Amino acid sequence: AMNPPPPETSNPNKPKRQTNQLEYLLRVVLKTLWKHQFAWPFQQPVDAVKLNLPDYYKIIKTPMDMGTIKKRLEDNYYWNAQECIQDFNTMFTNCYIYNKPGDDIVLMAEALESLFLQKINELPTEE
Ligand SMILES: COc1cc2c(c(OC)c1OC)-c1ccc(OC)c(=O)cc1[C@@H](NC(C)=O)CC2
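Here the deposited numbering is used: the first residue of the sequence shown is 42, the next is one more, and so on.
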């Protein structure tokens, strides 16, 4: 039924950086994933209330989604690119854990992960 508070996206106590790698993650990596036909389930936190999933947040204790990642990039939440890459991986891994191979949702996540891994590959050298 109830949703947990979303992952943190604002914290003036957390140190942050604006870097070319983080700029790339927003302007190239998130932009490309966001517009994908399979993005929609990943654009906001899993809504246990709306989707009637009483068990989701019992199984998934570190939830993540592109809506949260988007806020984090736009509001300069991160110290480094690795932090952001970890959020994407957490999001994919959550999906694989909660669901089973060959589920539509898993196929959709797998397709997004493929685009992601490719963009991550051309990540600029840090300045
Ligand atoms: C009643 O409708 C929906 C209900 C759910 C989901 C969903 O998006 C595909 C829905 O469509 C709006 C769903 C959503 C997101 C997930 O993670 C991003 C997930 O792991 C898992 C899911 C769903 N599990 C699947 C698709 O096997 C269960 C909850």
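Think of the CB as a built atom: it goes at the ideal place given N, C-alpha and C, for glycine as much as any other residue.
### Query
When every heavy atom of ligand 1 is checked, does at least one fall within less than 6 Å of the C-beta of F83?
Yes, the Cβ of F83 comes within 6 Å of a heavy atom of ligand 1.
### Query
Taking buried to mean at least 16 other C-beta atoms within 10 Å of its own C-beta, is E154 buried or exposed?
Flag for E154 reads buried.
#### Entry: Beta-carbon spacing of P86, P47 below 7 Å
A contact, by the Cβ cut-off of 7 Å.
### Task
Using a threshold of 7 Å, state whether the C-beta atoms of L164 and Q62 are closer than that.
Closer than 7 Å, so yes.
### Message
Taking the alpha helix (DSSP H) that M107 belongs to, which residues open and close that run?
### Response
Per DSSP, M107 belongs to the alpha helix (DSSP H) from 107-115.
### Task
Using a threshold of 7 Å, state whether the C-beta atoms of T73 and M105 are closer than that.
Going by beta carbons, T73 and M105 fall outside the 7 Å limit.
### Task
Report back the beta-carbon spacing between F129 and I110 to the nearest angstrom; my notes put them in contact at under 8 Å.
About 7 Å separates the beta carbon of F129 from that of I110, a gap short enough to meet the 8 Å contact definition.
### Message
With H, G and I counted as helix, E and B as strand and the rest as coil, what does DSSP make of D96?
### Response
The answer is coil: DSSP assigns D96 none of H, G, I, E or B.
### Task
Have a look at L94, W120, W81, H77 and flag the residue whose alpha-carbon is nearest the alpha-carbon of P53.
With distances taken between Cα atoms, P53 lies closest to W120.
### Task
Buried or exposed for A150, please, with buried defined as at least 16 other CB atoms from any protein chain shown within 10 angstroms of its CB.
With 16 or more other Cβ atoms from the protein chains shown falling within 10 Å of its own Cβ, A150 counts as buried.
### Query
How should residue 9 be labelled, buried or exposed, when 16 other C-beta atoms within 10 angstroms of its C-beta is the threshold for buried?
In this structure the chain extends from 42 to 168, so residue 9 is not present and cannot be described.
### Message
So, with DSSP's three-state summary, where would you put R68?
### Response
It is helical.
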